[PDB]
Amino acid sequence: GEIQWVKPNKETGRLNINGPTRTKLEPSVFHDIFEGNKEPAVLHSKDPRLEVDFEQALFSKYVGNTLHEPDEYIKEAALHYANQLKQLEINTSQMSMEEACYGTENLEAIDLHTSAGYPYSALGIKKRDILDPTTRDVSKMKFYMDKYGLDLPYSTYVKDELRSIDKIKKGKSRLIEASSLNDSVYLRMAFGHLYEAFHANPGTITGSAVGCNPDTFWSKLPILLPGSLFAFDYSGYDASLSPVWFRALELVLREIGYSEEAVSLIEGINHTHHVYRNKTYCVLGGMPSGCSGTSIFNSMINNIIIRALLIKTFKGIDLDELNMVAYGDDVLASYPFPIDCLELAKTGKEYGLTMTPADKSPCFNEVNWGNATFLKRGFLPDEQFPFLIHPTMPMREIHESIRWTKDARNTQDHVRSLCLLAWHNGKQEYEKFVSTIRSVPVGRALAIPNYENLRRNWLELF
């Protein structure tokens, strides 16, 4: 992705977009009894913790574009993935506006708790002023789609979240690209049934984990990914995508049966205009992080990428033997023979992708089930039933979360949620976590789930 130009809003006529410049995260009652390094991300260009220029850091992710047109390898990769998807029998017809707005069994309703985006937010119109779940009314939606149309600019915001202290000093906060409600509705109408099919089928047919529940899906991953496991990380995946990968995604949608009119909507994701503060800018390439379908389209593109890298790098690859599961840029994959991911990473560079060893390990090709992660979780066989695999969120990550809060009233729910992540690490580690929680009065008053009950409920899921 690459910024094509930047203009003042006084030139384009767009409304200014401003979001919170102070964090909602504060130290919790556990802040001092657990260790941690993370703090709230920089939200303001004058944050005294910065050691670099803020806005230069924010937009450095737009590293540029390489290819714009699929080569033979990307074409062959796209068709291979498309052929694999045909067994899902995705319904390519338009989803009704009522279903796109108010949801289905496998597609959640539009989130009425978040911004309606451009221009509604700058005009004080909320999603709930347009959508009503008690009536499932679509007349007001159609009125505002006629009034304001489609392909509205994305509204750029800085995400309020914990970041490592080195990302604080380097100004590496993450940007949110808020979709206009009009475009979320329109993409959901075009692709809503594909969303449903992916959500209902996490695994190696979609090549996607969207919709998975790690508590049970982890035991499936070694069965879905047999053979020689491999994995790697991307640096700035979303913004590094060149237009070629959107053309590749179009090839996939066309091949599985979408009309040209539906396929053409992807150009409105490849090419987007954005408003940040008082400026409008044009971005060619790059997945806009807050568009409808971000995680699925990122996951589909990852399936195309790895296929293309394999057949461009190595001779005699049989893509039918590739197994992979992506969640956006995150991935785990396998193949019947070990493959040299350093060589794959070199090919990735030609395509404008920056691939690095999985989980900041020093070199490629040392991934195994004992050290693999996915969705920040490791894989730990149960001691009694080794065919059942615990997802292990590292305790260090759970400690970072417990040290901050948006509201001390949330402490009971927050801690219980972390307990359901922590106990997979084992009885000893869980009891140490619970003991530290109970060393202050607020924690000693909480209801904390019992390890043996947690594990017994987990075993019953199978």
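Each residue number is its position in the shown sequence, starting from 1.
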The stretch carrying the higher mean Cα B factor in the deposited entry, 149-157 or 209-217, is 149-157
Of the two stretches 177-185 and 121-129, which shows the higher Cα B-factor on average in the entry?
121-129
Please work out which residue in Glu321, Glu108, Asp329, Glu72 has the highest C-alpha B-factor recorded for this crystal structure.
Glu72
From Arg247, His193, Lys170, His271, residue of greatest CA B-factor
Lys170
Tertile call for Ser139 (CA temperature factor, within chain, third-based) is the highest
Assert third(CA B-factor, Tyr430) within chain per record equals middle
Tell me, lowest, middle or highest third: where does the Cα B factor of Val52 rank within its chain?
highest
Ranking every modelled residue in this chain by its Cα temperature factor as given in the entry, which third contains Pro357?
highest
Cα B factor band for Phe374 (lowest, middle or highest third within the chain):
lowest
